[PDB]
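S.K.: Structure file data.pdb (PDB, C-alpha atoms) is given on the next line.
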MODEL        1
ATOM      1  CA  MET A   1       2.856  17.556   5.061  1.00  0.00           C
ATOM      2  CA  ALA A   2       2.275  14.409   7.062  1.00  0.00           C
ATOM      3  CA  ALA A   3       0.354  11.241   6.339  1.00  0.00           C
ATOM      4  CA  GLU A   4      -2.536  11.821   8.698  1.00  0.00           C
ATOM      5  CA  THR A   5      -5.706  10.333   7.207  1.00  0.00           C
ATOM      6  CA  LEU A   6      -6.356   8.648   3.829  1.00  0.00           C
ATOM      7  CA  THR A   7      -4.297  10.505   1.254  1.00  0.00           C
ATOM      8  CA  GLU A   8      -4.962  10.432  -2.493  1.00  0.00           C
ATOM      9  CA  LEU A   9      -3.503   6.939  -2.277  1.00  0.00           C
ATOM     10  CA  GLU A  10      -6.765   5.711  -0.729  1.00  0.00           C
ATOM     11  CA  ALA A  11      -8.152   5.860  -4.257  1.00  0.00           C
ATOM     12  CA  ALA A  12      -5.499   3.270  -4.990  1.00  0.00           C
ATOM     13  CA  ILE A  13      -6.882   1.214  -2.127  1.00  0.00           C
ATOM     14  CA  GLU A  14      -9.801   0.602  -4.497  1.00  0.00           C
ATOM     15  CA  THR A  15      -7.597  -1.318  -6.931  1.00  0.00           C
ATOM     16  CA  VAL A  16      -5.751  -3.412  -4.379  1.00  0.00           C
ATOM     17  CA  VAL A  17      -9.053  -4.076  -2.621  1.00  0.00           C
ATOM     18  CA  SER A  18     -11.092  -4.626  -5.782  1.00  0.00           C
ATOM     19  CA  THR A  19      -8.370  -6.835  -7.277  1.00  0.00           C
ATOM     20  CA  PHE A  20      -7.017  -9.665  -5.082  1.00  0.00           C
ATOM     21  CA  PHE A  21      -8.743  -8.696  -1.904  1.00  0.00           C
ATOM     22  CA  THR A  22     -11.952  -9.550  -3.704  1.00  0.00           C
ATOM     23  CA  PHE A  23     -11.098 -13.156  -2.861  1.00  0.00           C
ATOM     24  CA  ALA A  24     -12.609 -12.351   0.561  1.00  0.00           C
ATOM     25  CA  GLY A  25     -15.732 -13.814  -0.936  1.00  0.00           C
ATOM     26  CA  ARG A  26     -14.200 -17.202  -0.101  1.00  0.00           C
ATOM     27  CA  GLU A  27     -15.346 -16.697   3.477  1.00  0.00           C
ATOM     28  CA  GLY A  28     -19.122 -16.663   3.855  1.00  0.00           C
ATOM     29  CA  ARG A  29     -19.644 -13.789   6.280  1.00  0.00           C
ATOM     30  CA  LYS A  30     -18.711 -10.283   5.152  1.00  0.00           C
ATOM     31  CA  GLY A  31     -15.864  -9.978   7.618  1.00  0.00           C
ATOM     32  CA  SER A  32     -12.576 -10.667   6.013  1.00  0.00           C
ATOM     33  CA  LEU A  33     -10.651 -12.481   3.398  1.00  0.00           C
ATOM     34  CA  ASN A  34      -8.465 -15.428   4.296  1.00  0.00           C
ATOM     35  CA  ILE A  35      -5.787 -17.461   2.521  1.00  0.00           C
ATOM     36  CA  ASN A  36      -7.693 -19.625   0.087  1.00  0.00           C
ATOM     37  CA  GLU A  37      -7.308 -17.630  -3.072  1.00  0.00           C
ATOM     38  CA  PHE A  38      -4.268 -16.034  -1.468  1.00  0.00           C
ATOM     39  CA  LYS A  39      -2.819 -19.368  -2.506  1.00  0.00           C
ATOM     40  CA  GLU A  40      -3.205 -17.997  -5.983  1.00  0.00           C
ATOM     41  CA  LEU A  41      -0.588 -15.381  -4.957  1.00  0.00           C
ATOM     42  CA  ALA A  42       2.918 -16.839  -4.448  1.00  0.00           C
ATOM     43  CA  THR A  43       1.885 -19.407  -7.016  1.00  0.00           C
ATOM     44  CA  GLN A  44       0.917 -16.981  -9.755  1.00  0.00           C
ATOM     45  CA  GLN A  45       3.215 -14.232  -8.543  1.00  0.00           C
ATOM     46  CA  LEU A  46       5.982 -16.864  -8.385  1.00  0.00           C
ATOM     47  CA  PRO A  47       7.320 -16.127 -11.856  1.00  0.00           C
ATOM     48  CA  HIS A  48       7.612 -12.368 -11.810  1.00  0.00           C
ATOM     49  CA  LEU A  49      10.162 -10.156 -13.470  1.00  0.00           C
ATOM     50  CA  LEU A  50      12.341  -9.330 -10.461  1.00  0.00           C
ATOM     51  CA  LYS A  51      10.652 -12.202  -8.574  1.00  0.00           C
ATOM     52  CA  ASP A  52      11.129 -12.493  -4.832  1.00  0.00           C
ATOM     53  CA  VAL A  53      10.659 -16.288  -4.678  1.00  0.00           C
ATOM     54  CA  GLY A  54       7.573 -17.503  -2.873  1.00  0.00           C
ATOM     55  CA  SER A  55       9.211 -20.142  -0.709  1.00  0.00           C
ATOM     56  CA  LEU A  56       6.840 -23.116  -0.385  1.00  0.00           C
ATOM     57  CA  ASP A  57       6.986 -23.078   3.414  1.00  0.00           C
ATOM     58  CA  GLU A  58       6.844 -19.299   3.438  1.00  0.00           C
ATOM     59  CA  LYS A  59       3.801 -19.625   1.248  1.00  0.00           C
ATOM     60  CA  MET A  60       2.376 -21.891   3.948  1.00  0.00           C
ATOM     61  CA  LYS A  61       3.201 -19.870   7.064  1.00  0.00           C
ATOM     62  CA  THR A  62       2.390 -16.505   5.519  1.00  0.00           C
ATOM     63  CA  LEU A  63      -1.200 -17.797   5.373  1.00  0.00           C
ATOM     64  CA  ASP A  64      -1.616 -17.351   9.106  1.00  0.00           C
ATOM     65  CA  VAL A  65       0.400 -14.148   8.830  1.00  0.00           C
ATOM     66  CA  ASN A  66      -1.546 -12.413   6.045  1.00  0.00           C
ATOM     67  CA  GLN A  67      -4.650 -14.387   6.957  1.00  0.00           C
ATOM     68  CA  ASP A  68      -6.874 -11.380   6.780  1.00  0.00           C
ATOM     69  CA  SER A  69      -4.620  -9.936   4.047  1.00  0.00           C
ATOM     70  CA  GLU A  70      -7.916  -8.476   2.960  1.00  0.00           C
ATOM     71  CA  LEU A  71     -10.630  -7.225   5.168  1.00  0.00           C
ATOM     72  CA  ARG A  72     -14.359  -6.403   5.132  1.00  0.00           C
ATOM     73  CA  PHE A  73     -14.619  -5.873   8.940  1.00  0.00           C
ATOM     74  CA  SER A  74     -11.483  -4.563  10.907  1.00  0.00           C
ATOM     75  CA  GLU A  75      -8.548  -6.616   9.644  1.00  0.00           C
ATOM     76  CA  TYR A  76      -7.796  -3.901   7.021  1.00  0.00           C
ATOM     77  CA  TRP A  77      -4.604  -3.229   8.884  1.00  0.00           C
ATOM     78  CA  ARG A  78      -3.636  -6.437   7.089  1.00  0.00           C
ATOM     79  CA  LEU A  79      -3.649  -4.526   3.818  1.00  0.00           C
ATOM     80  CA  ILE A  80      -1.029  -2.430   5.521  1.00  0.00           C
ATOM     81  CA  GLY A  81       1.776  -4.840   4.662  1.00  0.00           C
ATOM     82  CA  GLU A  82      -0.143  -5.825   1.535  1.00  0.00           C
ATOM     83  CA  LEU A  83      -0.042  -2.836  -0.790  1.00  0.00           C
ATOM     84  CA  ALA A  84       3.622  -2.849   0.128  1.00  0.00           C
ATOM     85  CA  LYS A  85       4.089  -6.415  -1.206  1.00  0.00           C
ATOM     86  CA  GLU A  86       4.201  -4.583  -4.497  1.00  0.00           C
ATOM     87  CA  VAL A  87       6.336  -1.647  -3.374  1.00  0.00           C
ATOM     88  CA  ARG A  88       8.872  -3.784  -1.497  1.00  0.00           C
ATOM     89  CA  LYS A  89      10.713  -5.299  -4.476  1.00  0.00           C
ATOM     90  CA  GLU A  90       9.551  -2.321  -6.466  1.00  0.00           C
ATOM     91  CA  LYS A  91      11.807  -0.236  -4.194  1.00  0.00           C
ATOM     92  CA  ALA A  92      14.919  -1.201  -6.130  1.00  0.00           C
ATOM     93  CA  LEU A  93      13.352  -2.156  -9.441  1.00  0.00           C
ATOM     94  CA  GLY A  94      11.828   1.299  -9.311  1.00  0.00           C
ATOM     95  CA  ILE A  95      15.191   2.467 -10.523  1.00  0.00           C
ATOM     96  CA  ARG A  96      14.016   2.735 -14.110  1.00  0.00           C
ATOM     97  CA  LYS A  97      16.907   5.201 -14.296  1.00  0.00           C
ATOM     98  CA  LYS A  98      19.791   2.739 -14.610  1.00  0.00           C
TER      99      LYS A  98
ATOM    100  CA  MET B   1       0.470 -18.535  -0.118  1.00  0.00           C
ATOM    101  CA  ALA B   2       3.070 -15.907   0.720  1.00  0.00           C
ATOM    102  CA  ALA B   3       3.661 -12.376  -0.465  1.00  0.00           C
ATOM    103  CA  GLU B   4       6.800 -13.042  -2.461  1.00  0.00           C
ATOM    104  CA  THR B   5       6.894 -10.693  -5.455  1.00  0.00           C
ATOM    105  CA  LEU B   6       4.356  -8.121  -6.731  1.00  0.00           C
ATOM    106  CA  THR B   7       0.903  -9.548  -6.109  1.00  0.00           C
ATOM    107  CA  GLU B   8      -2.257  -8.428  -7.931  1.00  0.00           C
ATOM    108  CA  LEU B   9      -1.969  -5.401  -5.655  1.00  0.00           C
ATOM    109  CA  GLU B  10       0.854  -4.063  -7.828  1.00  0.00           C
ATOM    110  CA  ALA B  11      -1.880  -3.095 -10.270  1.00  0.00           C
ATOM    111  CA  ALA B  12      -3.073  -0.908  -7.430  1.00  0.00           C
ATOM    112  CA  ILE B  13       0.405   0.582  -7.233  1.00  0.00           C
ATOM    113  CA  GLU B  14      -0.570   2.257 -10.510  1.00  0.00           C
ATOM    114  CA  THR B  15      -3.268   4.325  -8.822  1.00  0.00           C
ATOM    115  CA  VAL B  16      -1.254   5.384  -5.801  1.00  0.00           C
ATOM    116  CA  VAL B  17       1.699   6.105  -8.063  1.00  0.00           C
ATOM    117  CA  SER B  18      -0.350   7.786 -10.784  1.00  0.00           C
ATOM    118  CA  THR B  19      -2.380   9.738  -8.213  1.00  0.00           C
ATOM    119  CA  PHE B  20      -0.420  11.638  -5.545  1.00  0.00           C
ATOM    120  CA  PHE B  21       2.993  10.311  -6.370  1.00  0.00           C
ATOM    121  CA  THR B  22       2.708  12.114  -9.695  1.00  0.00           C
ATOM    122  CA  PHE B  23       3.815  15.164  -7.726  1.00  0.00           C
ATOM    123  CA  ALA B  24       7.346  13.784  -8.225  1.00  0.00           C
ATOM    124  CA  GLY B  25       7.622  16.091 -11.213  1.00  0.00           C
ATOM    125  CA  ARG B  26       8.182  18.857  -8.630  1.00  0.00           C
ATOM    126  CA  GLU B  27      11.775  17.684  -8.606  1.00  0.00           C
ATOM    127  CA  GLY B  28      13.511  18.181 -11.953  1.00  0.00           C
ATOM    128  CA  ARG B  29      15.401  14.914 -12.398  1.00  0.00           C
ATOM    129  CA  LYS B  30      13.390  11.726 -12.803  1.00  0.00           C
ATOM    130  CA  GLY B  31      14.559  10.303  -9.507  1.00  0.00           C
ATOM    131  CA  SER B  32      12.014  10.796  -6.842  1.00  0.00           C
ATOM    132  CA  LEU B  33       9.238  12.871  -5.472  1.00  0.00           C
ATOM    133  CA  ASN B  34       9.793  15.088  -2.449  1.00  0.00           C
ATOM    134  CA  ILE B  35       7.527  16.950  -0.050  1.00  0.00           C
ATOM    135  CA  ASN B  36       6.382  19.953  -2.036  1.00  0.00           C
ATOM    136  CA  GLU B  37       3.018  18.796  -3.242  1.00  0.00           C
ATOM    137  CA  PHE B  38       3.057  16.386  -0.312  1.00  0.00           C
ATOM    138  CA  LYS B  39       2.171  19.594   1.504  1.00  0.00           C
ATOM    139  CA  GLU B  40      -1.116  19.178  -0.319  1.00  0.00           C
ATOM    140  CA  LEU B  41      -1.648  15.994   1.779  1.00  0.00           C
ATOM    141  CA  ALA B  42      -2.245  16.645   5.486  1.00  0.00           C
ATOM    142  CA  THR B  43      -3.655  19.953   4.367  1.00  0.00           C
ATOM    143  CA  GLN B  44      -6.282  18.474   2.048  1.00  0.00           C
ATOM    144  CA  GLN B  45      -6.543  15.093   3.725  1.00  0.00           C
ATOM    145  CA  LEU B  46      -6.927  17.102   6.976  1.00  0.00           C
ATOM    146  CA  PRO B  47     -10.725  17.074   6.910  1.00  0.00           C
ATOM    147  CA  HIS B  48     -11.483  13.491   6.231  1.00  0.00           C
ATOM    148  CA  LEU B  49     -14.274  11.333   7.505  1.00  0.00           C
ATOM    149  CA  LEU B  50     -12.458   9.416  10.245  1.00  0.00           C
ATOM    150  CA  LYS B  51      -9.585  11.951  10.005  1.00  0.00           C
ATOM    151  CA  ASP B  52      -6.314  11.233  11.771  1.00  0.00           C
ATOM    152  CA  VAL B  53      -5.375  14.873  12.398  1.00  0.00           C
ATOM    153  CA  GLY B  54      -2.420  16.055  10.373  1.00  0.00           C
ATOM    154  CA  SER B  55      -0.569  17.745  13.225  1.00  0.00           C
ATOM    155  CA  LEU B  56       1.163  20.891  11.949  1.00  0.00           C
ATOM    156  CA  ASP B  57       4.568  19.888  13.308  1.00  0.00           C
ATOM    157  CA  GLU B  58       3.986  16.341  12.218  1.00  0.00           C
ATOM    158  CA  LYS B  59       3.184  17.727   8.815  1.00  0.00           C
ATOM    159  CA  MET B  60       6.580  19.437   8.961  1.00  0.00           C
ATOM    160  CA  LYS B  61       8.755  16.583  10.207  1.00  0.00           C
ATOM    161  CA  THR B  62       7.014  13.916   8.149  1.00  0.00           C
ATOM    162  CA  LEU B  63       8.428  15.771   5.132  1.00  0.00           C
ATOM    163  CA  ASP B  64      11.907  14.490   5.839  1.00  0.00           C
ATOM    164  CA  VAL B  65      10.398  11.145   6.807  1.00  0.00           C
ATOM    165  CA  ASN B  66       8.278  10.544   3.696  1.00  0.00           C
ATOM    166  CA  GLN B  67      10.614  12.768   1.674  1.00  0.00           C
ATOM    167  CA  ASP B  68      10.773  10.336  -1.208  1.00  0.00           C
ATOM    168  CA  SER B  69       7.207   9.222  -0.373  1.00  0.00           C
ATOM    169  CA  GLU B  70       7.140   8.694  -4.110  1.00  0.00           C
ATOM    170  CA  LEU B  71       9.921   7.408  -6.200  1.00  0.00           C
ATOM    171  CA  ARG B  72      11.120   7.264  -9.814  1.00  0.00           C
ATOM    172  CA  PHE B  73      14.589   5.831  -8.934  1.00  0.00           C
ATOM    173  CA  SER B  74      15.010   3.599  -5.740  1.00  0.00           C
ATOM    174  CA  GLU B  75      13.113   5.342  -2.942  1.00  0.00           C
ATOM    175  CA  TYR B  76       9.990   3.323  -3.831  1.00  0.00           C
ATOM    176  CA  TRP B  77      10.316   1.627  -0.475  1.00  0.00           C
ATOM    177  CA  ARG B  78       8.990   4.992   0.597  1.00  0.00           C
ATOM    178  CA  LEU B  79       5.641   3.936  -0.898  1.00  0.00           C
ATOM    179  CA  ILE B  80       5.853   1.010   1.467  1.00  0.00           C
ATOM    180  CA  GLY B  81       4.432   3.086   4.326  1.00  0.00           C
ATOM    181  CA  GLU B  82       2.454   5.210   1.845  1.00  0.00           C
ATOM    182  CA  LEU B  83      -0.185   2.910   0.430  1.00  0.00           C
ATOM    183  CA  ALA B  84      -0.669   2.059   4.058  1.00  0.00           C
ATOM    184  CA  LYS B  85      -1.471   5.695   4.967  1.00  0.00           C
ATOM    185  CA  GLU B  86      -4.854   4.756   3.600  1.00  0.00           C
ATOM    186  CA  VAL B  87      -5.109   1.306   5.147  1.00  0.00           C
ATOM    187  CA  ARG B  88      -3.966   2.436   8.610  1.00  0.00           C
ATOM    188  CA  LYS B  89      -7.122   4.286   9.695  1.00  0.00           C
ATOM    189  CA  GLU B  90      -9.056   2.167   7.285  1.00  0.00           C
ATOM    190  CA  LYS B  91      -8.179  -0.783   9.523  1.00  0.00           C
ATOM    191  CA  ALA B  92     -10.904   0.141  11.989  1.00  0.00           C
ATOM    192  CA  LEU B  93     -13.190   2.152   9.729  1.00  0.00           C
ATOM    193  CA  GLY B  94     -13.025  -0.943   7.558  1.00  0.00           C
ATOM    194  CA  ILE B  95     -15.681  -2.313   9.851  1.00  0.00           C
ATOM    195  CA  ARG B  96     -18.541  -1.473   7.551  1.00  0.00           C
ATOM    196  CA  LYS B  97     -20.178  -4.261   9.560  1.00  0.00           C
ATOM    197  CA  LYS B  98     -21.114  -2.344  12.701  1.00  0.00           C
TER     198      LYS B  98
ENDMDL
END
Just give me the structure as structure tokens.
M.R.:
Amino acid sequence: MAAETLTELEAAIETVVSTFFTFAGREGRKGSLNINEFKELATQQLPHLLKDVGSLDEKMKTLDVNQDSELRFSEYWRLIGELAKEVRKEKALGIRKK
Amino acid sequence: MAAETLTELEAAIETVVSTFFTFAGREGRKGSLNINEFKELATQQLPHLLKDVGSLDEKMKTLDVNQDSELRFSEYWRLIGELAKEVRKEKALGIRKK
């Protein structure tokens, strides 16, 4: 089949949204999340296993990029490239069969 | 900060992977998941709330597209556009503040 609406994966959206995206709280209104606690990302995610390497500058620019990395209003499309942040490197590392 | 390695969202990868992606088992080897139970997607996800409309043909072609929608070996990048399948429509619907 095709990926029309929210597939079973939406249930997963609850984790990703209830985890880091909860930092939305930083911004008063109940619109979106910004890049305040996001700063807790590259920093804390810096030393991973198969780390990517949160380049300082990248960590700076990306703010504007994934500004609304989380959303309460319409910027949920931001999560689009978010949930992938995990899958990206996980594409290769996924090869548990080495 | 920037989305270098696996951010807190990776924890969410567990749901999406442990939910629908568990259909991988369809394929003997422990490499990847295909499009057998995926056929349970558009079909079941068909009648959603803000449904997208799993077009029959689309549901057919998408197979090849999201073939390894799930992965045990390297096709995890497939999940890249997967976890988003939820976020996509959820971008607008996200607007609980209407």
S.K.: Using only C-alpha atoms for the distances, tell me which of A:35, A:92, A:24, A:16 is nearest to residue 65 of chain A.
M.R.: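 That would be A:35, the residue with the smallest distance to residue 65 of chain A.
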S.K.: Using all atoms listed in the file, find which residues of chain A lie within 7 Å of chain B and jot them down as JSON, numbers by chain.
M.R.: {"A": [1, 2, 3, 4, 5, 6, 7, 8, 9, 10, 11, 12, 13, 15, 16, 19, 20, 35, 38, 39, 40, 41, 42, 45, 46, 48, 51, 52, 53, 54, 58, 59, 60, 62, 63, 72, 73, 74, 75, 76, 77, 79, 80, 83, 84, 85, 86, 87, 88, 89, 90, 91, 92, 94, 95, 96, 97]}
S.K.: Fit chain B to chain A: least squares, all C-alpha atoms, paired in order; write the output as a JSON list (two decimals) with C-alpha atoms, in the coordinates of the input.
M.R.:
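Result file out20.json:
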[["chain", "number", "residue", "atom", "x", "y", "z"],
["B", 1, "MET", "CA", 2.90, 17.60, 5.06],
["B", 2, "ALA", "CA", 2.24, 14.43, 7.04],
["B", 3, "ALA", "CA", 0.33, 11.26, 6.30],
["B", 4, "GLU", "CA", -2.54, 11.85, 8.69],
["B", 5, "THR", "CA", -5.71, 10.35, 7.22],
["B", 6, "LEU", "CA", -6.38, 8.66, 3.84],
["B", 7, "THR", "CA", -4.28, 10.47, 1.25],
["B", 8, "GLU", "CA", -4.97, 10.42, -2.50],
["B", 9, "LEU", "CA", -3.52, 6.91, -2.27],
["B", 10, "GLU", "CA", -6.78, 5.69, -0.74],
["B", 11, "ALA", "CA", -8.16, 5.86, -4.26],
["B", 12, "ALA", "CA", -5.51, 3.27, -4.99],
["B", 13, "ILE", "CA", -6.87, 1.20, -2.13],
["B", 14, "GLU", "CA", -9.79, 0.60, -4.50],
["B", 15, "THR", "CA", -7.61, -1.32, -6.94],
["B", 16, "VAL", "CA", -5.78, -3.44, -4.39],
["B", 17, "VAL", "CA", -9.07, -4.08, -2.61],
["B", 18, "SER", "CA", -11.08, -4.64, -5.78],
["B", 19, "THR", "CA", -8.32, -6.79, -7.30],
["B", 20, "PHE", "CA", -6.94, -9.61, -5.13],
["B", 21, "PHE", "CA", -8.73, -8.73, -1.95],
["B", 22, "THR", "CA", -11.97, -9.57, -3.74],
["B", 23, "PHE", "CA", -11.11, -13.16, -2.86],
["B", 24, "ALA", "CA", -12.63, -12.34, 0.55],
["B", 25, "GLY", "CA", -15.86, -13.83, -0.75],
["B", 26, "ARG", "CA", -14.19, -17.21, -0.10],
["B", 27, "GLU", "CA", -15.30, -16.73, 3.48],
["B", 28, "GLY", "CA", -19.08, -16.66, 3.86],
["B", 29, "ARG", "CA", -19.62, -13.77, 6.26],
["B", 30, "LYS", "CA", -18.70, -10.28, 5.10],
["B", 31, "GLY", "CA", -15.88, -9.96, 7.59],
["B", 32, "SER", "CA", -12.59, -10.66, 6.01],
["B", 33, "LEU", "CA", -10.66, -12.49, 3.39],
["B", 34, "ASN", "CA", -8.49, -15.46, 4.31],
["B", 35, "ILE", "CA", -5.79, -17.44, 2.55],
["B", 36, "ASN", "CA", -7.69, -19.60, 0.11],
["B", 37, "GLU", "CA", -7.35, -17.60, -3.06],
["B", 38, "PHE", "CA", -4.27, -16.05, -1.47],
["B", 39, "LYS", "CA", -2.84, -19.41, -2.50],
["B", 40, "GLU", "CA", -3.21, -17.98, -5.98],
["B", 41, "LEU", "CA", -0.55, -15.38, -4.99],
["B", 42, "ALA", "CA", 2.94, -16.83, -4.50],
["B", 43, "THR", "CA", 1.87, -19.45, -6.98],
["B", 44, "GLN", "CA", 0.98, -17.00, -9.75],
["B", 45, "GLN", "CA", 3.19, -14.16, -8.60],
["B", 46, "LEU", "CA", 5.96, -16.82, -8.40],
["B", 47, "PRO", "CA", 7.31, -16.11, -11.88],
["B", 48, "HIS", "CA", 7.59, -12.40, -11.89],
["B", 49, "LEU", "CA", 10.16, -10.17, -13.48],
["B", 50, "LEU", "CA", 12.32, -9.35, -10.45],
["B", 51, "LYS", "CA", 10.60, -12.21, -8.55],
["B", 52, "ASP", "CA", 11.12, -12.54, -4.81],
["B", 53, "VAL", "CA", 10.71, -16.33, -4.67],
["B", 54, "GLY", "CA", 7.57, -17.46, -2.93],
["B", 55, "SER", "CA", 9.19, -20.11, -0.75],
["B", 56, "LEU", "CA", 6.84, -23.09, -0.38],
["B", 57, "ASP", "CA", 6.99, -23.07, 3.42],
["B", 58, "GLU", "CA", 6.83, -19.32, 3.43],
["B", 59, "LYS", "CA", 3.78, -19.64, 1.25],
["B", 60, "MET", "CA", 2.36, -21.90, 3.97],
["B", 61, "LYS", "CA", 3.18, -19.88, 7.07],
["B", 62, "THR", "CA", 2.41, -16.52, 5.50],
["B", 63, "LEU", "CA", -1.19, -17.77, 5.34],
["B", 64, "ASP", "CA", -1.61, -17.34, 9.07],
["B", 65, "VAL", "CA", 0.41, -14.13, 8.85],
["B", 66, "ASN", "CA", -1.54, -12.41, 6.06],
["B", 67, "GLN", "CA", -4.64, -14.43, 6.98],
["B", 68, "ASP", "CA", -6.90, -11.42, 6.81],
["B", 69, "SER", "CA", -4.63, -9.94, 4.11],
["B", 70, "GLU", "CA", -7.92, -8.49, 2.97],
["B", 71, "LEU", "CA", -10.64, -7.23, 5.16],
["B", 72, "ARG", "CA", -14.36, -6.39, 5.12],
["B", 73, "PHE", "CA", -14.59, -5.85, 8.94],
["B", 74, "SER", "CA", -11.45, -4.60, 10.91],
["B", 75, "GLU", "CA", -8.49, -6.64, 9.65],
["B", 76, "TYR", "CA", -7.80, -3.94, 7.02],
["B", 77, "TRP", "CA", -4.56, -3.23, 8.83],
["B", 78, "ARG", "CA", -3.67, -6.47, 7.12],
["B", 79, "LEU", "CA", -3.61, -4.50, 3.85],
["B", 80, "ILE", "CA", -1.03, -2.35, 5.54],
["B", 81, "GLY", "CA", 1.75, -4.80, 4.64],
["B", 82, "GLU", "CA", -0.15, -5.85, 1.50],
["B", 83, "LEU", "CA", -0.07, -2.84, -0.78],
["B", 84, "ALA", "CA", 3.57, -2.86, 0.16],
["B", 85, "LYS", "CA", 4.07, -6.41, -1.19],
["B", 86, "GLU", "CA", 4.24, -4.58, -4.48],
["B", 87, "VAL", "CA", 6.34, -1.64, -3.34],
["B", 88, "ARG", "CA", 8.88, -3.78, -1.47],
["B", 89, "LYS", "CA", 10.72, -5.27, -4.47],
["B", 90, "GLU", "CA", 9.61, -2.30, -6.47],
["B", 91, "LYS", "CA", 11.83, -0.21, -4.20],
["B", 92, "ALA", "CA", 14.94, -1.23, -6.13],
["B", 93, "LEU", "CA", 13.37, -2.18, -9.45],
["B", 94, "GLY", "CA", 11.87, 1.28, -9.22],
["B", 95, "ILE", "CA", 15.18, 2.47, -10.55],
["B", 96, "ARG", "CA", 14.00, 2.75, -14.12],
["B", 97, "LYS", "CA", 16.92, 5.19, -14.26],
["B", 98, "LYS", "CA", 19.80, 2.74, -14.58]]
S.K.: Taking all listed atoms of segment 77-84 of chain B, build the axis-aligned box, pad each of the six sides by 3 Å, then write its centre and edge lengths in Å to one decimal as lines of an AutoDock Vina configuration file.
M.R.:
center_x = 4.8
center_y = 3.1
center_z = 1.7
size_x = 17.0
size_y = 10.2
size_z = 11.2
S.K.: When you draw a straight line from atom CA of residue 33 of chain A to atom CA of residue 68 of chain A, how long is it in Å?
M.R.: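 Taking atom CA of residue 33 of chain A and atom CA of residue 68 of chain A, their separation equals 5.2 Å.
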S.K.: Output: segment 35-47 of chain A of the preceding structure, restricted to N, CA and C atoms, written as a PDB file, in the first residue's frame.
M.R.:
ATOM      1  N   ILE A  35      14.072  26.857  19.455  1.00  0.00           N
ATOM      2  CA  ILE A  35      15.409  26.317  19.425  1.00  0.00           C
ATOM      3  C   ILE A  35      16.161  26.610  20.707  1.00  0.00           C
ATOM      4  N   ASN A  36      15.421  26.738  21.792  1.00  0.00           N
ATOM      5  CA  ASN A  36      16.020  26.997  23.086  1.00  0.00           C
ATOM      6  C   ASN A  36      16.527  25.698  23.658  1.00  0.00           C
ATOM      7  N   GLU A  37      15.617  24.782  23.943  1.00  0.00           N
ATOM      8  CA  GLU A  37      16.044  23.498  24.452  1.00  0.00           C
ATOM      9  C   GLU A  37      16.606  22.672  23.319  1.00  0.00           C
ATOM     10  N   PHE A  38      16.286  23.037  22.062  1.00  0.00           N
ATOM     11  CA  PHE A  38      16.861  22.335  20.939  1.00  0.00           C
ATOM     12  C   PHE A  38      18.372  22.368  21.105  1.00  0.00           C
ATOM     13  N   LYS A  39      18.839  23.429  21.772  1.00  0.00           N
ATOM     14  CA  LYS A  39      20.250  23.596  22.045  1.00  0.00           C
ATOM     15  C   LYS A  39      20.773  22.482  22.926  1.00  0.00           C
ATOM     16  N   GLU A  40      19.851  21.761  23.509  1.00  0.00           N
ATOM     17  CA  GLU A  40      20.172  20.603  24.316  1.00  0.00           C
ATOM     18  C   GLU A  40      20.380  19.386  23.393  1.00  0.00           C
ATOM     19  N   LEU A  41      20.105  19.572  22.087  1.00  0.00           N
ATOM     20  CA  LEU A  41      20.234  18.497  21.106  1.00  0.00           C
ATOM     21  C   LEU A  41      21.688  18.220  20.731  1.00  0.00           C
ATOM     22  N   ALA A  42      22.190  18.885  19.677  1.00  0.00           N
ATOM     23  CA  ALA A  42      23.560  18.686  19.214  1.00  0.00           C
ATOM     24  C   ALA A  42      24.529  18.514  20.375  1.00  0.00           C
ATOM     25  N   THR A  43      24.279  19.274  21.425  1.00  0.00           N
ATOM     26  CA  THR A  43      25.102  19.282  22.609  1.00  0.00           C
ATOM     27  C   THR A  43      25.095  17.933  23.316  1.00  0.00           C
ATOM     28  N   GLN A  44      23.902  17.449  23.629  1.00  0.00           N
ATOM     29  CA  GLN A  44      23.738  16.183  24.303  1.00  0.00           C
ATOM     30  C   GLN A  44      23.847  15.026  23.327  1.00  0.00           C
ATOM     31  N   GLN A  45      23.366  15.239  22.112  1.00  0.00           N
ATOM     32  CA  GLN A  45      23.429  14.203  21.095  1.00  0.00           C
ATOM     33  C   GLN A  45      24.833  14.159  20.497  1.00  0.00           C
ATOM     34  N   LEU A  46      25.646  15.192  20.792  1.00  0.00           N
ATOM     35  CA  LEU A  46      27.017  15.261  20.310  1.00  0.00           C
ATOM     36  C   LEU A  46      27.672  13.909  20.448  1.00  0.00           C
ATOM     37  N   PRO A  47      27.975  13.446  21.676  1.00  0.00           N
ATOM     38  CA  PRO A  47      28.597  12.150  21.798  1.00  0.00           C
ATOM     39  C   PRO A  47      27.584  11.023  21.728  1.00  0.00           C
TER      40      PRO A  47
END
